[PDB]
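Residue numbers (the deposited numbering), protein chains in the order written: chain E, 1 to 185, 208 to 227, 241 to 634, 657 to 670; chain D, 205 to 716; chain A, 308 to 358; chain F, 41 to 120. Beneath this line is the structure, given in structure tokens, with notes to follow.
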Amino acid sequence: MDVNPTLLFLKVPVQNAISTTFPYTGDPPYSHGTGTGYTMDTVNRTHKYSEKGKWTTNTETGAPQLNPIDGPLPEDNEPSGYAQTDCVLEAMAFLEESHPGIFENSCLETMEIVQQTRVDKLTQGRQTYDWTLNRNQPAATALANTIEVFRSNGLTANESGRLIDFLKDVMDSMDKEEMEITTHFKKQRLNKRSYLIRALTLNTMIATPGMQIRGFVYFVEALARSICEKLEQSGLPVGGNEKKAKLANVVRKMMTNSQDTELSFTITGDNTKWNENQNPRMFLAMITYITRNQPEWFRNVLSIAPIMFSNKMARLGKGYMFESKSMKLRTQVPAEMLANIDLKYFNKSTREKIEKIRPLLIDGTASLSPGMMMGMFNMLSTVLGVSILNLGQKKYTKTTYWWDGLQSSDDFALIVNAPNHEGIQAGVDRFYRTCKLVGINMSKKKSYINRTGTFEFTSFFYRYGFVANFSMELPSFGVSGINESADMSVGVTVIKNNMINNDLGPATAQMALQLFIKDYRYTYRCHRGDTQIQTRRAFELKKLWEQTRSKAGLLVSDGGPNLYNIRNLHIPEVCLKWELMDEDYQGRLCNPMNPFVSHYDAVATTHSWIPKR
Amino acid sequence: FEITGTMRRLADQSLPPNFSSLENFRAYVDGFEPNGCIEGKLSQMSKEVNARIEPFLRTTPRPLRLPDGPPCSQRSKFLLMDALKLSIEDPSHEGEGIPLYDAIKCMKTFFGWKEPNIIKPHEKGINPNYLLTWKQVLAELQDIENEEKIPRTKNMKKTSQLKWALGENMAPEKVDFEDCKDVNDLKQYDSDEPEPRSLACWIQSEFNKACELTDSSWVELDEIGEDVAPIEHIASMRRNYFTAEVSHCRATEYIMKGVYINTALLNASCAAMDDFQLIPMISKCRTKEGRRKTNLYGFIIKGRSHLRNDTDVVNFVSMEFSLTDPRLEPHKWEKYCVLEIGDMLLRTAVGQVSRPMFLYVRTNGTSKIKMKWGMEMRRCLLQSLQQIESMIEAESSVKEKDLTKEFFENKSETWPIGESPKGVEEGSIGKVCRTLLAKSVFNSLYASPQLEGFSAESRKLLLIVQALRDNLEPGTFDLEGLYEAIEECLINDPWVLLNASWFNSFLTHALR
Amino acid sequence: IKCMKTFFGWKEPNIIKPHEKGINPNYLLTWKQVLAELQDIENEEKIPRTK
Amino acid sequence: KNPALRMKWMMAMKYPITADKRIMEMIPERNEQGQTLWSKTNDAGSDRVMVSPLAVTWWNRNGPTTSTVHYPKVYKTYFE
């Protein structure tokens, strides 16, 4: 008998056992797919899908920027970023018409948010390209570096505390011909061109922007979030429980008025080259349409991020690595040597990349005017997709078929109803061509269509009114490494949050609690006082064991038992046991005069000590 | 708020064509009215831009084309089904024994050592170096009793055979490009496309043996708070029924082996950064009678472990005891050099039998990111459980009842779980649990981007086949593109090739 | 050491029956030193054969 | 970089905890079994003293007791 797990699908439907098709449920230990060659391929692919655009050398940049929009309509099913301004504006107008006043209101909440926005909030972010060291650094240090260099220059208004003044300081740096840096260890000068190019690079790490643009992108993201919160078709930015209902809602909405003779078909669709085709200039048009009949200052603030994304550049990784079979060497080339170099040193495959990319090289940074990068305007792209979906109402198609569905950042599910199969095909084709008009390409290889009742949307497998409830990211059943008192609370809080966010199962949560308690006891040497395992603490923990009458009130760090279950994870351990602790044990454990403490929710006990540094 | 200078002139070029100034475009947008350009541009668009649906019938899907070539070879970091243990019992006074003296105690229980000789030579190595490394390992374990003070850890002598084995001398020099500009053979890393390999039969046997039951308990989980809520009762019932059936599985032994070995490697790398430290391969279990048992699988000699990032590689040499002759399936052991080191005496029901005992030796490399992956293999339990639990809740929704009792307690083995010469066999809920655990463990051990891509791309084909089986009229847009996407991930990995073969078997049996 | 690790009833020592021709605090301190020097074994980089 | 591995390594150390200087006048240097509870060693840059994890259990089983009547009410939401 040759075991075969996949044969379980002969009896169990795939949607029921879909969790067995995910190999890791975590983070695999290779994290590959990044490098200079990948960045070069990405830029070449972006410039290949828009070959029929207009080339123009930028005055302030000097690099050939490509403008593909309003270009020729595509002739085939290949990817194309030849979007149309008029179609985009018409889609925005119809979206605003179907939801009257949404843009105005969203502008009011965006103004409310933008008023009190703090500069310190910009510290919350992933790795940021520091424009001073020309390398990737955490945002908490990038913000400090940029504000200190601005202080060294005539740009010391960002200490006003409001992020608007920081952005104004960023604005004023554009019209200064010399940026000077004094590193307390040298004198550095950047002219107009060098500072401008350094302020418009997307550094590899998927890439990351600089620090001068995170503030600008945050406001447009807030505006798009406000737009999406009023949009039903959007699958963002809701969590898990409020999002699982959207699938059932859209299924029911498309199956109520439909009788038994009108066909309904759903497509579980995926979008191909989502970020290599959408253009910042269309995002500029959408921003302008959204903020019409609005104060000039607010419109001006939100209008610049698409401009920078239209005039951005991509950094070329760290470079390449050579080898020798005679002198035994591993010399490297950095990115800055890819402009002038001998092409024989590379293989056949990389040579074509270099030949295609060479016209776009400017100071070691390729010019990338069309396209985007991974996950920057996800909410805005969701808004555009929802606007395209909105055109499926019978008042817009003017035909016997009509479509509606859900659109996330790049994933979409679309239900179309039509009296006949030919009507279904016509509606699918019309949706496809309408998406093509706006620079949205649907992956034909990754998409499939069937009858309504089963589909998928952002790893949510809907089948006959049921959505599979499993966690795609399992918790860490390990100690945080702070101290005995903090680790218990953090672990139980993590398990509780993961149950209430990722829909972790109760039995899996219980086993995760068991594993966490085992790890905690082995890390802190706090096994139960009645155990036979011998450690350096085992004597003391036993002397506290027999001494204590009510042994169920002892903390786990004190050799006590585990009283945690599904119902108790919101109660801190000290609070959970403050009815079985002995009076003397309570006095000793929570003595304010203990020598271990000195003046995520834990009572201050003697277990809140400070480890060695 | 105003924009002046650089962005005023820069915005004019960040607009759609036929536009000169940002203010002009801004004024134009304010007066825009929908005149119906979308329908006109649809009329102009060519008819070749479509989304034609080709139907998906019961004769449309074809089997995946597995690659051809020489058979695949083992690439695991330790022996899985060929492992041999030297075990010692432990009562209760041995609480925390040093892993080095446990290894010595385990080796002292064997008296069948012979003069080593090379059974299968490595084709890309100096086999006498492996022989000398094994001899040095044996010798340096006897000098321990001859020291004035007993050491806690053993660091090996940096001999020539160890230096060659650990790759301490082939590391080339990091020199700047300016000083080696004019070299006649200075090219970039030869990224020769991996050689495609055929699927061999050993990996299926490995998976078969991974789902079986052993005579020892490998996980001993701690207690939990008392159950009060009904949901706690259901969760405890599911968890206890899962654990009581999976605790004796061989996949759990693989989990424990990985955890212990990777923990020891990480500790040695963090502590003895300059030493050629000897690390025993130790696992601990409980016998059927409740006695602690310590098992020694072999030894690992660690190289220099000056680790700065999580991608820096530690080289090591692994010597593992075995009873399987490497000449039965020599292609599985491409990367090994196998010696004959002793004669084990197995006491079977028909008496004592003497069998050769071999040592499998190979050079391997790990890293901090890989060791942390191996330390947290207990997640394979948490994953496996939620795969069973999600199969219950999904099935218990159509009946709107609880089917936990109807699954574990119902003694009708009703789940198709494997092939057979006669046909498709069926197993019970417990065997299914162990098979899912083994699948998770093998996904962890043979983790690769090819497996990730294959799983992601074959999920869609599985869903399409399911829609066909539901008479939902499935429709595709480019099925050949999907097939080529799947077949791109099948190159040389035995686990991914086995999963593709499993998919082929499911496809040929589902359309009947 | 293994035999001593099986006992957890250790207490603060005190003299029950004093020696009539000796310095009993010396005996108390000798027992305390015996107990203490058996725990310093784990604090050595190499384990000694004899103490 | 990973706090968990650091915590596991540092708990194997002899005096991983820092305490106030006054601890040496509250707990004995060694317990009933001869295990040393703290060492006369200052902190890296402060006046704190090195302390074993055994000292926390010693305090919890032998330290002075005080009044803990208002503790159940100060964390009103947690005890509720």
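In this text, a Cβ means the ideal position worked out from N, Cα and C, and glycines have one as well.
Looking at E:142, E:337, E:106, E:156, the one whose alpha-carbon comes closest to that of residue 121 of chain E is E:142. Chain order gives the chain F residues near residue 621 of chain E as 108, where near means a beta carbon separation below 7 Å. Per DSSP, the unbroken alpha helix (DSSP H) holding residue 705 of chain D starts and ends at 698-714. Just so you know, the alpha carbons of residue 557 of chain D and residue 415 of chain D end up roughly 28 Å apart. For residue 514 of chain E, the chain F residues whose Cβ falls inside 7 Å of its Cβ are 44, 47, in order along the chain. When beta bridges are read from the DSSP output, residue 158 of chain E appears opposite no residue. Distances from the alpha-carbon of residue 352 of chain E to those of E:343, E:344, E:585, E:372 put E:372 closest. Taking C-beta atoms as the reference points, residue 49 of chain E and residue 312 of chain E count as a pair closer than 8 Å.
For residue 574 of chain E, the closest Cβ of chain A is nearer than 8 Å.
Residue state for residue 221 of chain E is assigned as coil, using DSSP reduced to three classes. Straight-line measurement puts the Cα of residue 354 of chain A at about 34 Å from the Cα of residue 492 of chain D.
Looking at the backbone, the Cα of residue 118 of chain E and that of residue 378 of chain D are separated by about 46 Å. When C-beta atoms of the segment 669-678 of chain D are compared with those of the segment 476-491 of chain E, three or more pairs fall below 8 Å, so the two segments count as touching. Of all alpha-carbon atoms in D:443, D:234, D:460, D:536, the one lying nearest the alpha-carbon of residue 645 of chain D is that of D:460. In the three-state reduction of the DSSP assignment, residue 294 of chain E falls in the coil class, being assigned neither a helical nor a strand state. Contact annotation, residue 93 of chain F with residue 623 of chain E: C-beta distance approximately 16 Å; criterion of less than 8 Å not satisfied. DSSP links residue 56 of chain E through a beta bridge to E:65.
With contacts defined as CB atoms closer than 8 Å, residue 52 of chain E and residue 72 of chain E qualify as a contacting pair. Residue 245 of chain D and residue 70 of chain E have their alpha carbons spaced roughly 11 Å apart.
A check of alpha carbon separations from residue 387 of chain E across E:44, E:475, E:83 identifies E:44 as the nearest. Scanning its chain for C-beta atoms nearer than 6 Å, with the 5 sequence neighbours on each side dropped, one finds around residue 167 of chain E the residues 250, in chain order. Beta-bridge pairing by DSSP links residue 649 of chain D to no other residue. Under DSSP, residue 561 of chain D shares a beta bridge with D:546. Scanning the segment 443-487 of chain D from its first residue to its last, the whole alpha helix (DSSP H) runs of 4-plus residues come out as 454-475. Under the 8 Å criterion on CB atoms, residue 353 of chain A is classed as non-interfacial with respect to chain E. Taken through DSSP and simplified to helix, strand or coil, residue 359 of chain D comes out as strand.
Using a CB distance cut-off of 8 Å, residue 356 of chain D counts as an interface residue toward chain A.
Just so you know, the alpha carbons of residue 10 of chain E and residue 510 of chain D end up roughly 51 Å apart. Residue 448 of chain E places its beta carbon less than 8 Å from that of residue 301 of chain E.
Within the segment 327-349 of chain A, those residues whose Cβ lies closer than 9 Å to any Cβ of chain F are, in chain order, 339, 340, 341, 342, 343, 344, 345, 346, 347, 349. The three-state secondary structure of residue 210 of chain E, taken from DSSP, is strand. Shown here for residue 269 of chain D: same chain residues with a beta carbon closer than 7 Å to its own, the five before and five after excluded, namely 691 in chain order.
No Cβ of chain E is located within less than 8 Å of the beta carbon of residue 637 of chain D. The beta-carbon of residue 658 of chain E is placed less than 8 Å from the nearest beta-carbon of chain F. Ranking E:217, E:323, E:454, E:170 by CA distance to the CA of residue 229 of chain D puts E:323 first. Taking 8 Å as the threshold, the shortest C-beta distance from residue 113 of chain F to chain A does not fall below it.
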